[PDB]
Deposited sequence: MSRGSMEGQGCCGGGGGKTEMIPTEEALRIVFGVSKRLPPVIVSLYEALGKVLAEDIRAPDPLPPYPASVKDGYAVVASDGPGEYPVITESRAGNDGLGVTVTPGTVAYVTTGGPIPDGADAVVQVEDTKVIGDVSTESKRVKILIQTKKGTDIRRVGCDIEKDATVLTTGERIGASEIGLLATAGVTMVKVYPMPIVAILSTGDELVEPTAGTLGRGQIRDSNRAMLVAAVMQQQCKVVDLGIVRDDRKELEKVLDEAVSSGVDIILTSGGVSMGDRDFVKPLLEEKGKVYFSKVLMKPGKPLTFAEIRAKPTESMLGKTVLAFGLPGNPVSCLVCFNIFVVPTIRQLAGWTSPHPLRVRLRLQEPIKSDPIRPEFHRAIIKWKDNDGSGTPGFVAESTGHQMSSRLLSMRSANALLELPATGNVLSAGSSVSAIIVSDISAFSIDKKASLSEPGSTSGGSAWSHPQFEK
């Protein structure tokens, strides 16, 4: 059994970022940029009013003036010069006419005289300062400025910046394509009604398909494979040559006489490890396979026990997906938190204990912080121990009872911005 830290380092060293591709603006969302983005023109590209009001010559000061033009957009006020003793109406974002050097917001003005008469006049009620409420050319974004860089993940504001810069085709790192299969003569499809003797519904495959969908990767569902070496070899050979980047199997990695995942991965590629010092998920197998005349394919022989399967996905597969997708920081978020109840650690293996965590105004020590509740019994066959679990507490192998109020490290495994509040 190699430590988890070493297993993660091995996976990281073998995992390579995928070749970049060109995608459309909305396909770029969630992906990591593979090129810098420079603004082709300034923002604003023209001097723009911050307010609805009047563009003035600041030195004129308070008084009554004729309104010589109106400027809201496009060519409004083109060729008109605001000279001392005149003003122009402007709306927010409107081009400032030549000659005007400040804007007086409409609340500091009063329209004078009958509206019916063509000559519009306005009283400016304050003494403004040059440059007031004007956005000079490029004050928000300078022409040729780098607005986004290589290695930056694209969220909603980054899509907004791409649109600002007129970019609708984007160079990004793609997400890996993942093949998933289940193994076992005891499995039946999850559509089964009454179960026959010695049968269970395949739950890992749908759980892993959902887990991969949450990571925004395309899934190739290869179904249930029986405990037959030739059949599993055929499906693995078909998966490796299909074009996928990652293969996830579950089950068939214990010490049974019909567990063929480990020997087949040894035969097809290079197995870096098959045993990890952790609770749950000891039989985790990792291999690199080269596809026939090519590309490399990463294979995770995940444990069959449902808890172990999902915990290994969260700890080892998620950072691999992110590394392949070009993330510079693929590691999960780790925080420090206080236990709401006592927890016994294992005497030999460090445990990834499932918990429901929340941020509290008082974490028990008189200062705000995260707190955690266990999901109960941690047996690897008990998928209910993963239910609602948004974190894995990292319990060292001391064998002692960690009392309520003691502090531990925890890996956050589900969208921290989707955390239910205290």
Discussion item. Taking the deposited sequence as numbered from 1, list the residue ranges that were left without C-alpha coordinates.
Written reply: 1 to 20, 314 to 318, 448 to 471
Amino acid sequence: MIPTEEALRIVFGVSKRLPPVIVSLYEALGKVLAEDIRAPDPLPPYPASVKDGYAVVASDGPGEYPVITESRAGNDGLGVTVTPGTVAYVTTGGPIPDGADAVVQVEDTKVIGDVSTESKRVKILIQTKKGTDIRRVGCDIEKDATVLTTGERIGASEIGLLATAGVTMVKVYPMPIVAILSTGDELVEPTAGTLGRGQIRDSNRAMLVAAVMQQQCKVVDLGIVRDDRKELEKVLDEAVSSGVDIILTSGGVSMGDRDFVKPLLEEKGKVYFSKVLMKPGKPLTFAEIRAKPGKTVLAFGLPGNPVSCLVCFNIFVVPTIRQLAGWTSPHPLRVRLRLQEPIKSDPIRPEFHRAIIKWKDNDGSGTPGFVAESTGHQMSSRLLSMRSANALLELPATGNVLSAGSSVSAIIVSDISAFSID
From here on, numbers count along this sequence of modelled residues.
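Basically, rigid core = biggest C-alpha set you can superpose within 1.5 Å across the two forms.
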Practice prompt. With everything overlaid on the rigid core, name the stretch, 104 to 112 or 175 to 183, whose CA atoms wander farther on average in 4 other deposited structures of this protein.
Written response: 104 to 112
Worksheet item: Do you reckon 67 to 75 or 240 to 248 strays further from the shown form in 4 other deposited structures of this protein, measuring C-alpha RMS after a core fit?
Response: 67 to 75
Discussion item. Quick check on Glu118: across the other compared entries (only those modelling residues on both sides), is it unmodelled in a third or more?
Written reply: yes
Discussion item. Highest mean C-alpha temperature factor of the two stretches 379 to 387 and 360 to 368, which is it?
Written reply: 360 to 368
Worksheet item: For the stretches 103 to 111 and 310 to 318, which has the higher mean C-alpha B-factor as given in the deposited record?
Response: 103 to 111
Discussion item. Comparing recorded Cα B-factors across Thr92, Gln214, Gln127, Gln199, which one is largest?
Written reply: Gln127
Worksheet item: Checking the entry, which one of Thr249, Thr83, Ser203, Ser157 has the top C-alpha B factor?
Response: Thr83
Item to complete: State the tercile, meaning the lowest, middle or highest third, of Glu394 with respect to the CA B-factors recorded for its chain.
Response: middle
Worksheet entry | Relative C-alpha B-factor of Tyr54, binned into the chain's lowest, middle or highest third | middle
Discussion item. Lowest, middle or highest third: which one holds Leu195 when the chain's residues are ordered by CA B-factor from the entry?
Written reply: middle
Practice prompt. Sort the modelled residues of this chain by their C-alpha B factor and say whether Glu27 lands in the lowest, middle or highest third.
Written response: lowest
Discussion item. Based on the deposited C-alpha B factors for this chain, I'd like to know if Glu288 is in the lowest, middle or highest third.
Written reply: middle
